[PDB]
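Raw contents of target_21.pdb, PDB, C-alpha atoms and all ligand atoms:
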ATOM      1  CA  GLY A  87      60.769  74.819  18.167  1.00  0.00           C
ATOM      2  CA  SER A  88      58.213  72.202  17.119  1.00  0.00           C
ATOM      3  CA  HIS A  89      56.027  73.983  14.509  1.00  0.00           C
ATOM      4  CA  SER A  90      52.414  75.303  14.962  1.00  0.00           C
ATOM      5  CA  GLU A  91      52.135  78.083  12.230  1.00  0.00           C
ATOM      6  CA  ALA A  92      49.319  77.461   9.614  1.00  0.00           C
ATOM      7  CA  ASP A  93      50.792  74.388   7.794  1.00  0.00           C
ATOM      8  CA  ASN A  94      51.624  73.876   4.030  1.00  0.00           C
ATOM      9  CA  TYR A  95      47.947  72.695   3.610  1.00  0.00           C
ATOM     10  CA  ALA A  96      46.412  75.945   5.075  1.00  0.00           C
ATOM     11  CA  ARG A  97      48.794  78.118   2.929  1.00  0.00           C
ATOM     12  CA  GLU A  98      48.364  76.114  -0.373  1.00  0.00           C
ATOM     13  CA  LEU A  99      44.535  76.165   0.246  1.00  0.00           C
ATOM     14  CA  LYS A 100      44.633  80.009   0.567  1.00  0.00           C
ATOM     15  CA  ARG A 101      46.820  80.273  -2.633  1.00  0.00           C
ATOM     16  CA  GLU A 102      44.681  77.816  -4.669  1.00  0.00           C
ATOM     17  CA  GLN A 103      41.297  79.623  -3.947  1.00  0.00           C
ATOM     18  CA  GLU A 104      42.732  83.042  -5.058  1.00  0.00           C
ATOM     19  CA  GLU A 105      44.038  81.547  -8.389  1.00  0.00           C
ATOM     20  CA  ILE A 106      40.557  79.927  -8.957  1.00  0.00           C
ATOM     21  CA  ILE A 107      38.953  83.380  -8.387  1.00  0.00           C
ATOM     22  CA  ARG A 108      41.539  85.559 -10.239  1.00  0.00           C
ATOM     23  CA  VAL A 109      42.501  83.242 -13.225  1.00  0.00           C
ATOM     24  CA  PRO A 110      39.841  80.485 -13.439  1.00  0.00           C
ATOM     25  CA  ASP A 111      40.734  79.995 -17.170  1.00  0.00           C
ATOM     26  CA  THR A 112      44.353  79.074 -16.142  1.00  0.00           C
ATOM     27  CA  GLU A 113      43.102  76.601 -13.440  1.00  0.00           C
ATOM     28  CA  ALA A 114      40.623  75.060 -15.989  1.00  0.00           C
ATOM     29  CA  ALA A 115      43.641  74.486 -18.331  1.00  0.00           C
ATOM     30  CA  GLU A 116      45.468  72.813 -15.350  1.00  0.00           C
ATOM     31  CA  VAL A 117      42.587  70.235 -15.066  1.00  0.00           C
ATOM     32  CA  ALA A 118      42.656  69.551 -18.831  1.00  0.00           C
ATOM     33  CA  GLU A 119      46.481  69.037 -18.596  1.00  0.00           C
ATOM     34  CA  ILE A 120      46.169  66.621 -15.627  1.00  0.00           C
ATOM     35  CA  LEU A 121      43.388  64.453 -17.205  1.00  0.00           C
ATOM     36  CA  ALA A 122      45.018  64.553 -20.700  1.00  0.00           C
ATOM     37  CA  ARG A 123      48.173  62.947 -19.127  1.00  0.00           C
ATOM     38  CA  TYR A 124      45.965  59.789 -18.855  1.00  0.00           C
ATOM     39  CA  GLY A 125      45.054  59.803 -22.601  1.00  0.00           C
ATOM     40  CA  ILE A 126      41.598  61.403 -21.870  1.00  0.00           C
ATOM     41  CA  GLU A 127      40.311  63.625 -24.773  1.00  0.00           C
ATOM     42  CA  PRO A 128      38.645  67.095 -24.616  1.00  0.00           C
ATOM     43  CA  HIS A 129      35.098  65.754 -25.473  1.00  0.00           C
ATOM     44  CA  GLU A 130      35.497  63.300 -22.488  1.00  0.00           C
ATOM     45  CA  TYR A 131      36.984  65.755 -19.863  1.00  0.00           C
ATOM     46  CA  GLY A 132      35.380  68.994 -21.218  1.00  0.00           C
ATOM     47  CA  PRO A 133      32.165  68.350 -19.208  1.00  0.00           C
ATOM     48  CA  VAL A 134      34.197  67.486 -16.013  1.00  0.00           C
ATOM     49  CA  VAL A 135      36.152  70.815 -16.168  1.00  0.00           C
ATOM     50  CA  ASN A 136      32.890  72.762 -16.834  1.00  0.00           C
ATOM     51  CA  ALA A 137      31.204  71.012 -13.790  1.00  0.00           C
ATOM     52  CA  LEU A 138      34.174  71.826 -11.411  1.00  0.00           C
ATOM     53  CA  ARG A 139      34.013  75.527 -12.587  1.00  0.00           C
ATOM     54  CA  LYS A 140      30.312  75.773 -11.445  1.00  0.00           C
ATOM     55  CA  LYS A 141      31.432  74.427  -7.952  1.00  0.00           C
ATOM     56  CA  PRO A 142      34.211  76.573  -6.350  1.00  0.00           C
ATOM     57  CA  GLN A 143      34.454  74.366  -3.151  1.00  0.00           C
ATOM     58  CA  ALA A 144      34.704  71.116  -5.240  1.00  0.00           C
ATOM     59  CA  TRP A 145      37.228  72.766  -7.645  1.00  0.00           C
ATOM     60  CA  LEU A 146      39.512  73.894  -4.760  1.00  0.00           C
ATOM     61  CA  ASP A 147      39.629  70.301  -3.294  1.00  0.00           C
ATOM     62  CA  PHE A 148      40.162  68.767  -6.801  1.00  0.00           C
ATOM     63  CA  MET A 149      43.192  71.117  -7.423  1.00  0.00           C
ATOM     64  CA  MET A 150      44.550  70.291  -3.900  1.00  0.00           C
ATOM     65  CA  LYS A 151      44.456  66.527  -4.797  1.00  0.00           C
ATOM     66  CA  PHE A 152      45.083  66.209  -8.597  1.00  0.00           C
ATOM     67  CA  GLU A 153      47.572  69.193  -9.015  1.00  0.00           C
ATOM     68  CA  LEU A 154      49.355  69.382  -5.587  1.00  0.00           C
ATOM     69  CA  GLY A 155      49.044  65.717  -4.340  1.00  0.00           C
ATOM     70  CA  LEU A 156      47.409  66.890  -1.020  1.00  0.00           C
ATOM     71  CA  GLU A 157      44.433  65.167   0.752  1.00  0.00           C
ATOM     72  CA  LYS A 158      41.759  67.037   2.797  1.00  0.00           C
ATOM     73  CA  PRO A 159      42.549  65.943   6.441  1.00  0.00           C
ATOM     74  CA  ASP A 160      40.580  63.767   8.995  1.00  0.00           C
TER      75      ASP A 160
ATOM     76  CA  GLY B  87      68.849  43.776   3.348  1.00  0.00           C
ATOM     77  CA  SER B  88      67.919  46.505   0.779  1.00  0.00           C
ATOM     78  CA  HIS B  89      64.241  47.600   0.326  1.00  0.00           C
ATOM     79  CA  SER B  90      64.397  49.542  -3.015  1.00  0.00           C
ATOM     80  CA  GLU B  91      61.922  52.478  -3.558  1.00  0.00           C
ATOM     81  CA  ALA B  92      61.833  50.938  -7.115  1.00  0.00           C
ATOM     82  CA  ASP B  93      61.014  47.449  -5.671  1.00  0.00           C
ATOM     83  CA  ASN B  94      58.035  48.681  -3.515  1.00  0.00           C
ATOM     84  CA  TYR B  95      56.475  50.477  -6.572  1.00  0.00           C
ATOM     85  CA  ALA B  96      57.000  47.337  -8.760  1.00  0.00           C
ATOM     86  CA  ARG B  97      55.384  45.282  -5.856  1.00  0.00           C
ATOM     87  CA  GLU B  98      52.491  47.769  -5.676  1.00  0.00           C
ATOM     88  CA  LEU B  99      52.301  47.967  -9.576  1.00  0.00           C
ATOM     89  CA  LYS B 100      52.131  44.134  -9.915  1.00  0.00           C
ATOM     90  CA  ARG B 101      49.302  43.816  -7.282  1.00  0.00           C
ATOM     91  CA  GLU B 102      47.242  46.683  -8.851  1.00  0.00           C
ATOM     92  CA  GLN B 103      47.760  45.370 -12.465  1.00  0.00           C
ATOM     93  CA  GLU B 104      46.580  41.840 -11.346  1.00  0.00           C
ATOM     94  CA  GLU B 105      43.407  43.466  -9.901  1.00  0.00           C
ATOM     95  CA  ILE B 106      42.791  45.298 -13.259  1.00  0.00           C
ATOM     96  CA  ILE B 107      43.014  41.910 -15.074  1.00  0.00           C
ATOM     97  CA  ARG B 108      40.968  39.863 -12.502  1.00  0.00           C
ATOM     98  CA  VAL B 109      38.292  42.448 -11.422  1.00  0.00           C
ATOM     99  CA  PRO B 110      38.353  45.304 -13.960  1.00  0.00           C
ATOM    100  CA  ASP B 111      34.744  46.410 -13.087  1.00  0.00           C
ATOM    101  CA  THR B 112      35.726  46.731  -9.350  1.00  0.00           C
ATOM    102  CA  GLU B 113      38.780  48.846 -10.319  1.00  0.00           C
ATOM    103  CA  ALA B 114      36.552  51.025 -12.574  1.00  0.00           C
ATOM    104  CA  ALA B 115      34.287  51.593  -9.526  1.00  0.00           C
ATOM    105  CA  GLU B 116      37.409  52.807  -7.572  1.00  0.00           C
ATOM    106  CA  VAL B 117      37.945  55.607 -10.189  1.00  0.00           C
ATOM    107  CA  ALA B 118      34.209  56.586 -10.349  1.00  0.00           C
ATOM    108  CA  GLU B 119      34.115  56.920  -6.515  1.00  0.00           C
ATOM    109  CA  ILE B 120      37.311  59.107  -6.385  1.00  0.00           C
ATOM    110  CA  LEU B 121      35.999  61.469  -9.142  1.00  0.00           C
ATOM    111  CA  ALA B 122      32.426  61.488  -7.603  1.00  0.00           C
ATOM    112  CA  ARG B 123      34.090  62.684  -4.329  1.00  0.00           C
ATOM    113  CA  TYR B 124      34.412  66.155  -6.034  1.00  0.00           C
ATOM    114  CA  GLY B 125      30.742  66.523  -7.139  1.00  0.00           C
ATOM    115  CA  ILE B 126      31.380  65.220 -10.693  1.00  0.00           C
ATOM    116  CA  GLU B 127      28.116  63.475 -11.735  1.00  0.00           C
ATOM    117  CA  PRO B 128      28.072  60.004 -13.397  1.00  0.00           C
ATOM    118  CA  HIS B 129      27.102  61.502 -16.836  1.00  0.00           C
ATOM    119  CA  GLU B 130      30.271  63.696 -16.495  1.00  0.00           C
ATOM    120  CA  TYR B 131      32.833  61.115 -15.030  1.00  0.00           C
ATOM    121  CA  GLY B 132      31.452  58.046 -16.967  1.00  0.00           C
ATOM    122  CA  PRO B 133      33.329  58.703 -20.276  1.00  0.00           C
ATOM    123  CA  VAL B 134      36.601  59.460 -18.298  1.00  0.00           C
ATOM    124  CA  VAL B 135      36.173  56.061 -16.559  1.00  0.00           C
ATOM    125  CA  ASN B 136      35.333  54.543 -20.004  1.00  0.00           C
ATOM    126  CA  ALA B 137      38.436  56.358 -21.470  1.00  0.00           C
ATOM    127  CA  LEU B 138      40.828  54.865 -18.803  1.00  0.00           C
ATOM    128  CA  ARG B 139      39.432  51.268 -19.269  1.00  0.00           C
ATOM    129  CA  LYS B 140      40.367  51.451 -23.001  1.00  0.00           C
ATOM    130  CA  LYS B 141      43.980  52.601 -22.065  1.00  0.00           C
ATOM    131  CA  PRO B 142      45.038  49.963 -19.485  1.00  0.00           C
ATOM    132  CA  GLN B 143      48.548  51.438 -18.712  1.00  0.00           C
ATOM    133  CA  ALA B 144      46.998  54.969 -18.249  1.00  0.00           C
ATOM    134  CA  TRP B 145      44.282  53.346 -16.067  1.00  0.00           C
ATOM    135  CA  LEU B 146      47.063  51.617 -14.056  1.00  0.00           C
ATOM    136  CA  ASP B 147      49.043  54.914 -13.771  1.00  0.00           C
ATOM    137  CA  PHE B 148      45.835  56.707 -12.648  1.00  0.00           C
ATOM    138  CA  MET B 149      45.241  54.122  -9.806  1.00  0.00           C
ATOM    139  CA  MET B 150      48.980  54.261  -8.902  1.00  0.00           C
ATOM    140  CA  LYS B 151      48.922  58.079  -8.568  1.00  0.00           C
ATOM    141  CA  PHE B 152      45.367  58.832  -7.271  1.00  0.00           C
ATOM    142  CA  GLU B 153      44.288  55.555  -5.441  1.00  0.00           C
ATOM    143  CA  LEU B 154      47.741  54.626  -3.938  1.00  0.00           C
ATOM    144  CA  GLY B 155      49.533  58.069  -4.036  1.00  0.00           C
ATOM    145  CA  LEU B 156      52.683  56.657  -5.781  1.00  0.00           C
ATOM    146  CA  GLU B 157      54.755  58.012  -8.755  1.00  0.00           C
ATOM    147  CA  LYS B 158      57.206  56.553 -11.363  1.00  0.00           C
TER     148      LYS B 158
HETATM  149 FE    FE C 201      45.993  74.970  -9.771  1.00  0.00          FE
HETATM  150 FE    FE C 202      42.825  50.268  -7.870  1.00  0.00          FE
HETATM  151 ZN    ZN C 203      62.492  73.563  16.628  1.00  0.00          ZN
HETATM  152 ZN    ZN C 204      61.467  73.234  13.508  1.00  0.00          ZN
HETATM  153 ZN    ZN C 205      48.004  77.087  -7.737  1.00  0.00          ZN
HETATM  154 ZN    ZN C 206      47.807  77.790 -10.977  1.00  0.00          ZN
HETATM  155 ZN    ZN C 207      68.156  44.780   6.038  1.00  0.00          ZN
HETATM  156 ZN    ZN C 208      64.628  44.879   5.917  1.00  0.00          ZN
HETATM  157 ZN    ZN C 209      41.376  47.800  -5.965  1.00  0.00          ZN
END

Show how you would write the structure in this file as structure tokens.
Ligand SMILES: [Fe+2]
Ligand SMILES: [Fe+2]
Ligand SMILES: [Zn+2]
Ligand SMILES: [Zn+2]
Ligand SMILES: [Zn+2]
Ligand SMILES: [Zn+2]
Ligand SMILES: [Zn+2]
Ligand SMILES: [Zn+2]
Ligand SMILES: [Zn+2]
Amino acid sequence: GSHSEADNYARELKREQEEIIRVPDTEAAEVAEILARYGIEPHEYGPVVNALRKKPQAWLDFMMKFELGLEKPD
Amino acid sequence: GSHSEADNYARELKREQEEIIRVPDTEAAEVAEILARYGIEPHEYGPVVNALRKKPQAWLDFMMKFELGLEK
């Protein structure tokens, strides 16, 4: 009918947290790749990546926005 | 008549570029506040903000994607 199953946001959010847990080193590389697109260098974004890694909740929301182009609702 | 998807981006690109030229420091603050949203501390996001300022087109692209949600 009209849809009420856990939306693309709920699903992607599930996916993205499991990746962060299982292959953090791959998701770190994803952040480097995103920031490098804007001419930023490792010495500049190295500390940003390393900060996000220490903060699983922050990291999840960052990946939702910068990788998947999805905002946290409200 | 027509309202091109190209035209709206060029409209939005013009406006944003004019900001960057007239009020760069205000535009820099926009980046800092988006990064700081995700618990990245000034000592960590500062050089990224400083890196975008030195690459104006990258800076512009970064606003266009992450402030306005648009792509090329
Ligand atoms: Fe990711
Ligand atoms: Fe802006
Ligand atoms: Zn239906
Ligand atoms: Zn349907
Ligand atoms: Zn993923
Ligand atoms: Zn991934
Ligand atoms: Zn018309
Ligand atoms: Zn019209
Ligand atoms: Zn602005």

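Closest approach to ligand FE 202 (chain C) from the set B:115, B:96, B:144, B:126 is made by B:115, with distances taken over only C-alpha atoms and all ligand atoms.
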
Next on the checklist: At a cut-off of 12 Å and counting all atoms listed in the file, what residues surround ligand ZN 204 (chain C)? Please answer as JSON, numbers by chain.
Outcome noted: {"A": [87, 88, 89, 90, 91]}

Checklist outcome for this item: Taken to one decimal, the atom CA of residue 116 of chain A-atom CA of residue 106 of chain B distance is 27.7 Å

Checklist entry - Counting only C-alpha atoms, which residues of chain B come no farther than 12 Å from chain A, as an MDAnalysis selection string? => result chainID B and resid 120:157

Checklist outcome for this item: One residue among A:160, A:102, A:153, A:93 is nearest to ligand ZN 205 (chain C) when using only C-alpha atoms and all ligand atoms, and that residue is A:102

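Closest approach to ligand FE 201 (chain C) among A:142, A:110, A:120, A:149 is made by A:149 (distances from all atoms listed in the file).
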
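Atom FE of ligand FE 201 (chain C) is found 9.8 Å from atom CA of residue 98 of chain A.
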
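Every residue having at least one atom no farther than 7 Å from ligand ZN 206 (chain C) is included below, with only C-alpha atoms and all ligand atoms taken into account: residues 105, 112 and 113 of chain A.
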
Checklist entry - When the cut-off is 7 Å and you count all atoms listed in the file, which residues lie near ligand ZN 209 (chain C), shown as a PyMOL selection string? => result chain B and resi 102+105+112-113+116

Only C-alpha atoms, please: the residues just picked out, written as a PDB file, in the frame of the given file.
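Wrote out00.pdb, looks like this:
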ATOM      1  CA  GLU B 102      47.242  46.683  -8.851  1.00  0.00           C
ATOM      2  CA  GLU B 105      43.407  43.466  -9.901  1.00  0.00           C
ATOM      3  CA  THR B 112      35.726  46.731  -9.350  1.00  0.00           C
ATOM      4  CA  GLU B 113      38.780  48.846 -10.319  1.00  0.00           C
ATOM      5  CA  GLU B 116      37.409  52.807  -7.572  1.00  0.00           C
TER       6      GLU B 116
END

Next on the checklist: Taking only C-alpha atoms and all ligand atoms and a cut-off of 12 Å, can you tell me which residues surround ligand ZN 208 (chain C), written as a PyMOL selection string?
Outcome noted: chain B and resi 87-90

Checklist entry - Quick one: of A:96, A:114, A:109, A:122, who's nearest to residue 158 of chain A, counting all atoms listed in the file? => result A:96

Checklist outcome for this item: atom CA of residue 140 of chain A sits from atom FE of ligand FE 202 (chain C) at a separation of 28.6 Å

Please give the centre and size of the box around segment 117-136 of chain A (axis-aligned, containing every atom listed in the file, 4 Å added per side), with values in Å to one decimal and written as lines of an AutoDock Vina configuration file.
center_x = 40.2
center_y = 66.3
center_z = -20.3
size_x = 24.0
size_y = 21.0
size_z = 18.4

Final N, CA, C and O atoms of segment 109-133 of chain B as a compact mmCIF listing (two decimals), in the coordinates of the input:
# COMPACT_ATOMS: atom_id res chain seq x y z
N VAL B 109 39.54 41.75 -11.85
CA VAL B 109 38.29 42.45 -11.42
C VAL B 109 38.28 43.85 -12.02
O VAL B 109 38.10 44.84 -11.33
N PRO B 110 38.35 43.98 -13.35
CA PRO B 110 38.35 45.30 -13.96
C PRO B 110 37.18 46.16 -13.46
O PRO B 110 37.44 47.27 -13.11
N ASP B 111 35.97 45.62 -13.42
CA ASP B 111 34.74 46.41 -13.09
C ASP B 111 34.90 47.02 -11.68
O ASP B 111 34.47 48.17 -11.48
N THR B 112 35.51 46.29 -10.75
CA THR B 112 35.73 46.73 -9.35
C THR B 112 36.71 47.89 -9.35
O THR B 112 36.52 48.86 -8.58
N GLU B 113 37.75 47.79 -10.17
CA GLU B 113 38.78 48.85 -10.32
C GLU B 113 38.16 50.09 -10.96
O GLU B 113 38.51 51.21 -10.58
N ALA B 114 37.25 49.91 -11.90
CA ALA B 114 36.55 51.02 -12.57
C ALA B 114 35.73 51.78 -11.53
O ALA B 114 35.71 53.04 -11.55
N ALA B 115 35.09 51.03 -10.63
CA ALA B 115 34.29 51.59 -9.53
C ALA B 115 35.18 52.46 -8.63
O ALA B 115 34.71 53.52 -8.21
N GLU B 116 36.42 52.03 -8.38
CA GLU B 116 37.41 52.81 -7.57
C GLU B 116 37.60 54.21 -8.17
O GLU B 116 37.55 55.18 -7.41
N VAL B 117 37.75 54.31 -9.48
CA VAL B 117 37.94 55.61 -10.19
C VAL B 117 36.66 56.42 -10.00
O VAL B 117 36.75 57.57 -9.53
N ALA B 118 35.50 55.87 -10.36
CA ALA B 118 34.21 56.59 -10.35
C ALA B 118 34.02 57.23 -8.98
O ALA B 118 33.60 58.37 -8.93
N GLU B 119 34.36 56.50 -7.92
CA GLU B 119 34.12 56.92 -6.52
C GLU B 119 35.10 58.03 -6.11
O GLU B 119 34.73 58.85 -5.26
N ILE B 120 36.31 58.04 -6.66
CA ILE B 120 37.31 59.11 -6.38
C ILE B 120 36.86 60.39 -7.11
O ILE B 120 36.78 61.46 -6.49
N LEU B 121 36.49 60.29 -8.38
CA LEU B 121 36.00 61.47 -9.14
C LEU B 121 34.71 62.02 -8.52
O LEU B 121 34.60 63.26 -8.41
N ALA B 122 33.77 61.15 -8.14
CA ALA B 122 32.43 61.49 -7.60
C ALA B 122 32.57 62.21 -6.26
O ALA B 122 31.66 62.99 -5.91
N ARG B 123 33.68 61.95 -5.56
CA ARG B 123 34.09 62.68 -4.33
C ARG B 123 33.97 64.20 -4.54
O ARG B 123 33.54 64.89 -3.61
N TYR B 124 34.30 64.71 -5.73
CA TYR B 124 34.41 66.16 -6.03
C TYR B 124 33.20 66.64 -6.84
O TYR B 124 33.37 67.58 -7.65
N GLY B 125 32.03 66.06 -6.59
CA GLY B 125 30.74 66.52 -7.14
C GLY B 125 30.70 66.45 -8.65
O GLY B 125 29.99 67.25 -9.28
N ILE B 126 31.46 65.52 -9.24
CA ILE B 126 31.38 65.22 -10.69
C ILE B 126 30.35 64.10 -10.83
O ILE B 126 30.49 63.07 -10.15
N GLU B 127 29.31 64.34 -11.64
CA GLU B 127 28.12 63.48 -11.74
C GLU B 127 28.44 62.33 -12.69
O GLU B 127 29.29 62.47 -13.57
N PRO B 128 27.81 61.15 -12.52
CA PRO B 128 28.07 60.00 -13.40
C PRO B 128 28.11 60.32 -14.90
O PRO B 128 28.95 59.78 -15.59
N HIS B 129 27.21 61.18 -15.39
CA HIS B 129 27.10 61.50 -16.84
C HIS B 129 28.38 62.23 -17.24
O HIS B 129 28.81 62.07 -18.40
N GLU B 130 29.03 62.90 -16.28
CA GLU B 130 30.27 63.70 -16.50
C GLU B 130 31.54 62.83 -16.35
O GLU B 130 32.42 62.99 -17.22
N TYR B 131 31.63 61.96 -15.32
CA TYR B 131 32.83 61.12 -15.03
C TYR B 131 32.79 59.79 -15.83
O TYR B 131 33.87 59.25 -16.13
N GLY B 132 31.61 59.29 -16.19
CA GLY B 132 31.45 58.05 -16.97
C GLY B 132 32.43 57.91 -18.13
O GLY B 132 33.17 56.93 -18.22
N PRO B 133 32.43 58.83 -19.12
CA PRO B 133 33.33 58.70 -20.28
C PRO B 133 34.83 58.76 -19.93
O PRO B 133 35.60 58.16 -20.67
